[PDB]
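Undergrad: Can you read through this structure? Questions will come right after.
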Amino acid sequence: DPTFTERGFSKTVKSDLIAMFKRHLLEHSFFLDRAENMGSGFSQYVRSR
Amino acid sequence: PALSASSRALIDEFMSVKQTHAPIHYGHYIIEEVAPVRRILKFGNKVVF
Amino acid sequence: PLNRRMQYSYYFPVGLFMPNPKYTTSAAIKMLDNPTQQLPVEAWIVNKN
Amino acid sequence: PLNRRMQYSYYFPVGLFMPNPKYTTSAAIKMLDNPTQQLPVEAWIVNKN
């Protein structure tokens, strides 16, 4: 997603992208375990991912 | 007003129930987070909106 | 250029003090000291992580 | 070879100690001990089974 990047590869953009990695390791990996326990939005969730 | 508190006690009260918690303890106090960006706050699996 | 950056100014106090009729609004937290002569020394705010 | 092996390292402390302003969060649990001076000496964790 070039929103974060292509602004100038400083210490700061990568030092924020590390916390982005830490936040996305929890809510968007092993999505099938979410979708087998999620509500009625089964198919649209997998299509989104 | 940003989300501040006094000790960790009122923080982990406000993370427990975001509806019926204390804004003002005996001498202690905690100011709730109202903002243009209403942030997600994760504390373990307890997570509020 | 539609990826603008707003710059909000948050604020929070630290080290305030209640007036002498001190009350509480949660029947769970009881601190293990004399609660009347209590005043915060600090503030615990939350970050983007 | 889609059966890859992620090795997520976990970590947990033992023997840690609260600071001297002590308190509670849920008031429906009691212990038959003087609550001020007590120490977490062991740690219980939960296995895969």
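Convention: chains lettered A, B, ... in structure tokens order; per-chain residue numbering from 1; ligands numbered from 1 as shown.
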Per residue of chain D within 12 Å of chain B, what are the shortest atom pair and its distance in Å to one decimal, counting only C-alpha atoms, with rows by chain and residue number, as JSON lines?

TA:
{"residue": "D:18", "atom": "CA", "partner": "B:8", "partner_atom": "CA", "distance": 11.1}
{"residue": "D:19", "atom": "CA", "partner": "B:8", "partner_atom": "CA", "distance": 10.9}
{"residue": "D:21", "atom": "CA", "partner": "B:7", "partner_atom": "CA", "distance": 9.2}
{"residue": "D:22", "atom": "CA", "partner": "B:9", "partner_atom": "CA", "distance": 9.0}
{"residue": "D:23", "atom": "CA", "partner": "B:9", "partner_atom": "CA", "distance": 7.2}
{"residue": "D:24", "atom": "CA", "partner": "B:9", "partner_atom": "CA", "distance": 7.6}
{"residue": "D:25", "atom": "CA", "partner": "B:13", "partner_atom": "CA", "distance": 6.6}
{"residue": "D:26", "atom": "CA", "partner": "B:13", "partner_atom": "CA", "distance": 9.0}
{"residue": "D:27", "atom": "CA", "partner": "B:13", "partner_atom": "CA", "distance": 11.8}

Undergrad: Define the interface residues of chain B facing chain A as those within 12 Å, counting only C-alpha atoms, and report them as a VMD selection string.

TA: chain B and resid 40 to 42 44 to 45

Undergrad: Show which residues sit within 12 Å of residue 46 in chain A, as a PyMOL selection string. Count only C-alpha atoms, and ignore same-chain residues fewer than 4 positions away.

TA: chain A and resi 28-36+38+41-42

Undergrad: Could you please select, counting only C-alpha atoms, the residues of chain C within 10 Å of chain D and state them as a list in words?

TA: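 So the contacting residues turn out to be residues 27, 28, 29, 30, 31, 32 and 33 of chain C.
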
Undergrad: Could those selected residues go to a file with N, CA, C and O atoms, as a compact mmCIF listing (two decimals), in the first residue's frame?

TA:
# COMPACT_ATOMS: atom_id res chain seq x y z
N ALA C 27 -18.08 0.16 42.60
CA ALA C 27 -18.02 -0.64 43.80
C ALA C 27 -17.01 -1.78 43.71
O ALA C 27 -17.05 -2.69 44.54
N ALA C 28 -16.12 -1.74 42.73
CA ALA C 28 -15.12 -2.79 42.59
C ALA C 28 -13.77 -2.38 43.15
O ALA C 28 -13.24 -3.07 44.03
N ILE C 29 -13.20 -1.28 42.68
CA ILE C 29 -11.83 -0.93 43.03
C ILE C 29 -11.79 -0.34 44.43
O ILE C 29 -12.43 0.69 44.71
N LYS C 30 -11.05 -0.99 45.32
CA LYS C 30 -10.70 -0.40 46.61
C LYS C 30 -9.19 -0.45 46.73
O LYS C 30 -8.60 -1.53 46.76
N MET C 31 -8.56 0.72 46.76
CA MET C 31 -7.12 0.78 46.89
C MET C 31 -6.71 0.43 48.31
O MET C 31 -7.46 0.65 49.26
N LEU C 32 -5.53 -0.15 48.44
CA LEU C 32 -5.06 -0.66 49.73
C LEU C 32 -4.18 0.37 50.43
O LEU C 32 -3.04 0.11 50.79
N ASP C 33 -4.75 1.54 50.64
CA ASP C 33 -4.12 2.58 51.45
C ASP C 33 -5.24 3.47 51.99
O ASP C 33 -6.42 3.20 51.76

Undergrad: Could you please tell me, as a PyMOL selection string, which residues of chain C have an atom within 10 Å of chain A when using only C-alpha atoms?

TA: chain C and resi 3+48-49

Undergrad: Can you write just those residues out, N, CA, C and O atoms, as a PDB file, in the first residue's frame?

TA:
ATOM      1  N   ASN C   3      -4.386  12.103   0.145  1.00  0.00           N
ATOM      2  CA  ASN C   3      -3.878  11.521   1.379  1.00  0.00           C
ATOM      3  C   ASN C   3      -3.313  12.649   2.230  1.00  0.00           C
ATOM      4  O   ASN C   3      -2.117  12.733   2.489  1.00  0.00           O
ATOM      5  N   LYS C  48       0.070   4.758  20.125  1.00  0.00           N
ATOM      6  CA  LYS C  48      -0.532   4.173  18.940  1.00  0.00           C
ATOM      7  C   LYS C  48      -0.365   2.667  18.888  1.00  0.00           C
ATOM      8  O   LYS C  48      -1.014   2.021  18.062  1.00  0.00           O
ATOM      9  N   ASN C  49       0.486   2.094  19.733  1.00  0.00           N
ATOM     10  CA  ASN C  49       0.645   0.651  19.821  1.00  0.00           C
ATOM     11  C   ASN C  49      -0.203   0.070  20.940  1.00  0.00           C
ATOM     12  O   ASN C  49      -0.112  -1.125  21.231  1.00  0.00           O
TER      13      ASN C  49
END

Undergrad: Report the distance between CA of residue 49 in chain B and CA of residue 11 in chain C in Å, rounded to one decimal place.

TA: 19.9 Å

Undergrad: Excluding residue 10 in chain C and residues on its chain fewer than 3 positions from it, collect all residues at most 9 Å away from it, counting only C-alpha atoms, and give them as a VMD selection string.

TA: chain B and resid 1 to 2 35

Undergrad: Take CA of residue 11 in chain A and CA of residue 46 in chain C and report the distance between them in Å, one decimal.

TA: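 That distance, rounded to one decimal, is 22.3 Å.
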
Undergrad: CA of residue 17 in chain C and CA of residue 41 in chain C, how far apart in Å?

TA: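 Spanning CA of residue 41 in chain C to CA of residue 17 in chain C is a straight-line distance of 10.1 Å.
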
Undergrad: For each of C:12, C:38, C:4, C:45, take the minimum atom-to-atom distance to residue 25 in chain B, counting only C-alpha atoms, then give the residue where this is smallest.

TA: C:38

Undergrad: Let's see if you can do this: from backbone DSSP, list all alpha helix (DSSP H) residues in chain B, as a list in words.

TA: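 These are the residues in question: residues 8, 9, 10, 11, 12, 13 and 14 of chain B.
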